[PDB]
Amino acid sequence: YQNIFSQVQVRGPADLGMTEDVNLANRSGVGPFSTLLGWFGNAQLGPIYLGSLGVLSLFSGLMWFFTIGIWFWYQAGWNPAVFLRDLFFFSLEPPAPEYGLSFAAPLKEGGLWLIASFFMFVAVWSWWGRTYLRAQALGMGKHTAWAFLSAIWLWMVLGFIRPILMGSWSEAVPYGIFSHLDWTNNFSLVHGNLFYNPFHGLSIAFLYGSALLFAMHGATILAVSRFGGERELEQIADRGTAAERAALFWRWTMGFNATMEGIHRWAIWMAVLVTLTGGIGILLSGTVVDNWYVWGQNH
């Protein structure tokens, strides 16, 4: 038995969750129970907290998706068959260079893109506020909100900060499945190969490293789950043989190890540094460094 999938599922009264300082009035009712999910993790869905910040976020979120969707349907001649076969090829492009950073572009030539970006901007930041508040209501630390900022950073640099510093919305990313891939490839071409951007290489080390570390941590916990290993919070407060065997596996393997609490500090930074270094690398491209190959020759 490897404990990858549960052998027997057990169920009881729906769990409504801790109260603490949260406004119980904004909490929805319990959702259905999924036996399918129950084989892998919890079977219970909901309840969810739906305050004003969340409603606003969901609203802009939908408007963003709607704005893109209406442009795609327009590109499809309002033909369902065409909409589906060309779905990955449609693209909502930003204003042309001639428009700079103005909001003058006509709807079909950058205006819809600007609207789409406004809705996305509001959706993401309102959601970020939500991650902070939900932690505050339960008296928890703000580690989730902080980590989320790192991801927000790359996004901000790509569609707002860099375009603004470059002087035009045309520098931003289009909304499209294949189009945004073309944009990514072109971005490297235009800046003399990103493999030469030092921050791009670091970002890769952390992306690889996150898969490396989570495979390591996930496998470790499962390996000591026979000693209640996943109850990490209590293992932190009162170390057990699960924590000891886990630490010793690694100390005997690579000469050093972590603690039940400390491993989660290694984890959060490993992931967070992915977009932190990534954002810096992109922000420097085109504003300070035009060609990384050339740059590399002088450093």
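In this text, residue numbers run from 1 along the sequence as written.
The stretch 28 to 36 shows the higher mean C-alpha B-factor when 28 to 36 is compared against 243 to 251 in the entry. Just going by the entry, 100 to 108 versus 148 to 156 on mean CA temperature factor gives the higher value to 100 to 108. Across the residues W71, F121, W128, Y208, the deposited record lists the maximum Cα B factor for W71. When all modelled residues of the chain are sorted by CA temperature factor, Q75 is found within the highest third. Among the modelled residues of its chain, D86 has a C-alpha B-factor that falls in the highest third, as given in the PDB entry.
When the modelled residues of the chain are ordered by their C-alpha B factor, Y49 lands in the highest third. The entry lists a Cα temperature factor for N291 that places it in the middle third of the chain's modelled residues. Placement of the Cα temperature factor of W269 within the chain: lowest third of the modelled residues, per the deposited record.
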